[PDB]
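Heads up, the chain shows up twice below as structure tokens, two forms, tagged structure 1 and structure 2.
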Structure 1
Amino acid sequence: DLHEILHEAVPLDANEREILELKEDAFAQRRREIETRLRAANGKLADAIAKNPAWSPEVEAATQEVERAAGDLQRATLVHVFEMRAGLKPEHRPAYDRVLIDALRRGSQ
């Protein structure tokens, strides 16, 4: 999806890449953190259903963790897209904007 689309279509120049390296790594770490909650939650679901295959309080709670984590990933990705944009050379923002707006437009049709 959208992070990967931008990184591929619109690659950073050598200075942008050095400059954005800490932010790219912090995003990676954030993404891994959210994904680790979503997997833990899959674990809690396997565990619960092994004990009682039913829509139990454990399964309700775990589902709510999966919900949160899914939404959090989308917010964290969107804020990162803007963060990246800000570190680009002003001359590079138009292509990046096009690629972004097109990706969102695609996602609307």
Structure 2
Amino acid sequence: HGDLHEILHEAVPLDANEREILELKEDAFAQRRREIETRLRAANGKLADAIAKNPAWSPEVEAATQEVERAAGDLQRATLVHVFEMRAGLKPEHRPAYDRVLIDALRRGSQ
């Protein structure tokens, strides 16, 4: 229920200096994201394929849901790590607005 990383960058955007300070970590996260999203799409495709061929529960369905679950969990965890990277690159006085947005979105299920 919400793209946490995009919510943060939109609601409390980095200032000019912070954008420079975080450039490398933003690049590395964008790549990590992508990689995990690739795993996630493949897992969804495997689930869809299993069910298209055999429209019933089977061990392939159980396994594909486990694979989806873990890839989604991995993306949530990698995104949180990068959310803390961003917080580290903020001016300290900007952290309270950041925390307001972060906590509120987490409570709503944003990842």
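Residue 1 is the first residue of structure 1, and the numbers go on in sequence order from there. The term rigid core refers to the maximal set of C-alpha atoms that superpose within 1.5 Å between the two forms. Shifts are known only where both forms have a C-alpha.
- Message: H80 and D102 - same rigid part or not, between the two structures?
- Response: Same rigid part: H80 and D102 travel as one unit between the two structures.
- Task: Please state how many degrees the smaller rigid part turns against the larger between the two structures.
- Result: Treating the chain as two rigid parts, the smaller one turns 14 degrees between the two structures.
- Give the C-alpha shift of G71 between the two structures, in Å, after superposing the two forms on their rigid core. Spelling it out: core superposed, C-alpha of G71 shifted, distance 1.2 Å.
- Where the core is superposed, what shift in Å does the CA of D47 undergo between the two structures? Its alpha carbon moves by 6.5 Å.
- Query: Where does the chain move between the two structures, taking runs of at least 3 residues whose CA atoms all shift 2 Å or more after fitting the core?
  - Reply: In sequence order, the runs that relocate between the two structures are 38-68, 105-109.
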